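A.B. asks: would you be able to build a 3D model of this:
(2 chains, ligands or ions: 7)
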Amino acid sequence: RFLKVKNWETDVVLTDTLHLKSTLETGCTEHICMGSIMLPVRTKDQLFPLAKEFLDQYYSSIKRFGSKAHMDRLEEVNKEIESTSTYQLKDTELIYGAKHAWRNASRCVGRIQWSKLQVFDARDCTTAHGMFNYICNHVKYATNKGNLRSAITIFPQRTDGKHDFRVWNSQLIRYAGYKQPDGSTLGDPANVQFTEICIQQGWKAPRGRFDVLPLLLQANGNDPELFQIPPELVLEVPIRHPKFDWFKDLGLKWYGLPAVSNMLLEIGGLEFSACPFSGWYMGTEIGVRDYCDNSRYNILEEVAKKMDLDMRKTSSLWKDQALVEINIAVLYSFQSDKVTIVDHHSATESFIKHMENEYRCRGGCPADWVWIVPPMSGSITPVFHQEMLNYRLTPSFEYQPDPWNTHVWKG
Amino acid sequence: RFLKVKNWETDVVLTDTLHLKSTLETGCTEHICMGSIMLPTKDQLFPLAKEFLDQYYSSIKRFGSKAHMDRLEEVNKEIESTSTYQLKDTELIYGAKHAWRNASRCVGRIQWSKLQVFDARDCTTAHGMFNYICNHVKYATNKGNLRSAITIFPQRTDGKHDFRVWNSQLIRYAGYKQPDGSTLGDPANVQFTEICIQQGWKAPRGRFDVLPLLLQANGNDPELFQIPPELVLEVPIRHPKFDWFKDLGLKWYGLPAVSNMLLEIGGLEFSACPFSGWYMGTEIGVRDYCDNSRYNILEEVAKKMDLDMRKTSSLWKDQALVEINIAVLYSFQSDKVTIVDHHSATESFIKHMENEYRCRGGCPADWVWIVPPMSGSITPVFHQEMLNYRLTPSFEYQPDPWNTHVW
Ligand code: HEM
Ligand code: HEM
Ligand SMILES: CN(C)Cc1cccc(NCc2ccc3ccc(N)nc3c2)c1
Ligand SMILES: CN(C)Cc1cccc(NCc2ccc3ccc(N)nc3c2)c1
Ligand SMILES: C[C@H](O)[C@H](O)[C@H]1CNc2nc(N)[nH]c(=O)c2N1
Ligand SMILES: C[C@H](O)[C@H](O)[C@H]1CNc2nc(N)[nH]c(=O)c2N1
Ligand SMILES: [Zn+2]
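C.D. replies: Numbers count the residues shown, from 1 in each chain, chains lettered A, B, ... in the order given. Ligands and ions are numbered 1, 2, ... in the order given. What follows is the structure:
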């Protein structure tokens, strides 16, 4: 079978055969589309076909499908599964798996870079302190004095589901949020629940607007432990605007390294519940979402005031106007400090090229339009006009519930 | 089977049961989502009629009534006999309003019940169609105080006697390909601006030439008619800050009047049912003015603002895009022509959603279309989960007549 996508701006038509390799479910049906829904202990039974599917893909990619090496590896895995109930990935397979999970992330606009991921194998790790050490090295390596490098650190896979490694932070580096008795919020409103947990766990909060949160690290199903990332490892950028001199006086800054740490990496049926990864920011992530979401720092107002815009009628588009200047400031500050960042025009343009390349070399590129289109200026980017097919391929990054909701406390 | 949708800005969760009524297909499957794809006999007829009359008679609290049963009987009789049937005026109006109510891509549906329905089912000729269309335009325009309306021409019979409005909208600007290589006027209508000429139109080969109407009655050859200029409300576009803005020479029409869709009620097909409401500002300023395959003036505007157009990261396109949209809204508001900004419309839509979930058990919605083409995430709809499904009565897309016309 074939499915075709059309770019309504260029009339370029592409043919998807890759979606046929998709097994997992979308959430949609013939009668309903769940395309804008944010989110729509495994037995030996269902594990070998998953391992086999993976090993087939792996051996095809290295042009050794049906080889004796391919076949021996299948046999090896089979025996280990029926003997030990799970199996270990070779280093090669781990690296391949991690890159492909990223290549397969249909909501990621940054995928042109997928083949350049530095994989850090942390499967020999056994304690939270050990986790802290690995994560520190990840941060130093990824940061690279502002010349950011994509990386992922992979902690031991799940076994019985009772010995999970988890990073409790949603991102390695994030600012604290504090609910005040008067109802207002100090710092990042997105991080209030997590900040509270940390504080309870014994964290001494400075209680400022930009306190970098401690790491809360869980090894082998044990109670999580608190660690402070050395501040010299946390690259930060003071936000200023190139024409507006008052902008620096808003007192804003942001961290340089986006490092998502709460996702689950699935490879050949194995589950890596702790797999923090990092790339670099698209400016809108900070400038639109982090600063201007009503449920975040929400500084549109104060910015708009200082711009002396007509804030009386929404049809003045003061909100839109302040949004742009804020995003200008984010990009300006980062470039000025030589910290890797990409604007949404550059990123989307790159993604279209990646996407076309993927259709040709791979037979498709799964892509989630709802997430791929930038949160501002949508139609003036080329992805807006691009039809996309969304489907699930493995290896993959999956959501998992927050650990504080599932964890059995030891004390 | 009972679905919930969460708003992530407010944590408001709504429960959808309305989707269980859904009858048509979405394009998606369990293995693939097609959410961003733009377009993915006697026997057939009676259940379709029945389903409609059921929901109609329920809507007036007369489900399970003599009238209901009798109407069902009567329609059933008429089908067995005539191989089709005719809607009562009441059912026609209800059907039209509900097609709009069910338009999952329409952000403006809070106004769905206030639609003025014009029954043009007695029409027999293009001249007649022209008359009905002029009346629609004048009524809807209302000297700038726009009123929503739909005009419904005779239903399909056997696909041979089709009533069609060949324009995509009643009022659109011409587009001609130059030898220069570029395009004068509107690039989207170049093919149509051609067909008008090819069927006899005299283009003023200007830029903002209001296109003539191309009207097709009873399956016959389509005819050209010029809408009286005094019926075409236009708005000159100026900026409330940049006085150089006027010299760009931009204007736009006040009346968005979509004329190429198919209206389906109770199994019956209305191939000609032009309808109109009023613009959201971004339709003109973001899409019409700044789309690359359209008027594409971003560059020119940025120049006049002397923005650093050297690197993308200066966000010059973004800055210009805003100013343009500020001007659009400004011009329309100044000239007292109805228009809505994307903030007001999306906020209205969230409230309409809440109303629909309350009084109806849900509201089919296409996030890809509902989220405005600029400043998406600072509008409430961006953070709103939506469920997309097809309900009937509905507006459907249909093939362009020229690819089909048995001349
Ligand atoms: C290197 C530069 C990168 C850029 C510019 C980038 C950009 C983005 C953006 C803007 C999003 C949307 C998230 C949001 O707006 O909330 C996203 C999602 C995502 N990215 Fe990338 N990314 C990069 C690297 C990576 C890497 C290295 C990985 C993994 C190894 C990755 C995996 C993912 C995944 C799994 C999602 C989906 C997350 C979700 O479903 O919530 N990305 N990316
Ligand atoms: C009264 C004020 C109205 C507003 C502000 C409004 C707004 C919109 C917008 C912005 C779109 C997206 C289209 C695009 O971006 O190109 C849309 C789609 C749509 N609207 Fe509304 N609209 C209004 C009235 C109406 C009326 C009166 C009808 C029918 C009686 C209608 C039926 C539809 C349909 C069927 C679509 C989807 C068409 C498609 O799938 O391409 N709208 N509307
Ligand atoms: C919710 N968790 C998946 C963690 C989390 C917290 C806050 C924001 C996001 N965004 C998803 C996401 C995932 C990977 C990314 C990689 C690079 C980048 N610049 N942004 C990225 C964004 C993700
Ligand atoms: C090509 N067909 C889908 C019809 C067509 C032609 C031109 C534009 C559009 N946009 C869809 C559409 C439909 C109804 C609308 C009603 C009011 C409004 N402001 N925009 C509206 C926009 C639709
Ligand atoms: C490819 C994509 O489906 C296409 O550009 C859609 C996206 N969203 C849209 N949204 C609206 N309101 N109008 C449109 O024409 C489109 N076009
Ligand atoms: C309801 C909706 O699915 C939700 O707000 C999504 C929309 N698209 C998004 N797109 C990106 N890149 N990031 C997001 O957080 C979201 N949120
Ligand atoms: Zn879908």
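A.B. asks: quick check: the residue in the stretch 1-150 of chain A that ligand 2 sits nearest to vs residue B:298, distance?
C.D. replies: In the stretch 1-150 of chain A, the residue that lies nearest ligand 2 is residue A:8 (11.4 Å; CB to the nearest ligand atom). Every residue, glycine included, has its C-beta placed from N, CA and C. For residue A:8, the distance to residue B:298 equals 18 Å [CB to CB, to the nearest Å].
A.B. asks: ok, the two, which is more surrounded?
C.D. replies: residue B:298 (20 against 13; other CB atoms under 10 Å in any protein chain shown).
A.B. asks: is it true that that one touches residue B:285?
C.D. replies: No. When contacts are counted by CB atoms under 8 Å, residue B:298 is not listed as touching residue B:285 (10.7 Å).
A.B. asks: need the overlap of contacts for these two.
C.D. replies: B:321, B:324 (CB atoms under 8 Å, 6 or more residues apart in numbering or on different chains).
A.B. asks: can you pull out the strands in the stretch 251-400 of chain A?
C.D. replies: Along the stretch 251-400 of chain A, counting by DSSP state E, counting those that start in this stretch, strands occupy A:253-255, A:259-260, A:264-267, A:270-272, A:277-278, A:281-282, A:341-342, A:396-398.
A.B. asks: is ligand 3 contacted by the first one?
C.D. replies: No. Against ligand 3, strand A:253-255 shows no contacts by CB under 6 Å from any ligand atom, the least distance being 11.6 Å.
A.B. asks: quick one: strands adjacent to that strand?
C.D. replies: strand A:236-238 (antiparallel) (DSSP bridges).
A.B. asks: what's the offset of the partner strand from the middle of its chain?
C.D. replies: 21 Å (CA atoms, centre = their mean, to the nearest Å).
A.B. asks: wait, what's in contact with residue A:296?
C.D. replies: Counting by CB under 8 Å, 6+ apart, residue A:296 has contacts A:188, A:189, A:190, A:289, A:290.
A.B. asks: now the stretch 51-200 of chain A against ligand 3: closest residue?
C.D. replies: residue A:170 (4.2 Å).
A.B. asks: need the contact list for the spatially closest residue to that residue that is not a sequence neighbour.
C.D. replies: Spatial nearest neighbour of residue A:170, excluding adjacent residues (CB to CB, 6 or more residues apart in numbering or on different chains): residue A:262 at 4.7 Å. Applying CB under 8 Å, 6+ apart to residue A:262 gives the contacts A:167, A:168, A:169, A:170, A:171, A:400, A:402.
A.B. asks: residue A:37 too?
C.D. replies: A:27, B:5, B:385, B:387.
A.B. asks: kindly report the same for residue A:28.
C.D. replies: Contacts of residue A:28 (CB under 8 Å, 6+ apart): A:34, A:35, A:40, B:26, B:28, B:29, B:30, B:32, B:33, B:35.
A.B. asks: at 10 Å instead, please
C.D. replies: Contacts for residue A:28 (CB atoms under 10 Å, 6 or more residues apart in numbering or on different chains) come out as A:34-35, A:37, A:40, A:390-391, B:26-35, B:388.
A.B. asks: next to ligand 1, which bits of chain A? Give me the list.
C.D. replies: A:102, A:105, A:107-110, A:113, A:117, A:150, A:152, A:277, A:279-280, A:282, A:285, A:342, A:347, A:371, A:397.
A.B. asks: so of these, which ones are in helices?
C.D. replies: A:102, A:347, A:371 (DSSP state H).
A.B. asks: separation between the spatially closest residue to the first one that is not a sequence neighbour and ligand 4?
C.D. replies: Meaning residue A:102. Once flanking residues are discounted, residue A:102 sits nearest to residue A:114: 4.7 Å by CB to CB, 6+ apart. Distance, residue A:114 to ligand 4, using CB to the nearest ligand atom, to the nearest Å: 36 Å.
A.B. asks: could you do residue A:379 as well?
C.D. replies: Residue A:379 is 13 Å from ligand 4, by CB to the nearest ligand atom.
A.B. asks: do the same with residue A:201
C.D. replies: 53 Å.
A.B. asks: ok, residues contacting stretch A:59-72?
C.D. replies: Contact with stretch A:59-72 is made by A:55, A:56, A:57, A:58, A:73, A:74, A:92, A:93, A:96, A:99, A:100, as judged by CB under 10 Å, 6+ apart.
A.B. asks: who are the neighbours in contact with residue A:332?
C.D. replies: A:239, A:240, A:241, A:242, A:243, A:247, A:283, A:341, B:313, B:314, B:315 are the contacts of residue A:332 under CB under 10 Å, 6+ apart.
A.B. asks: alright, that wraps it up for me.
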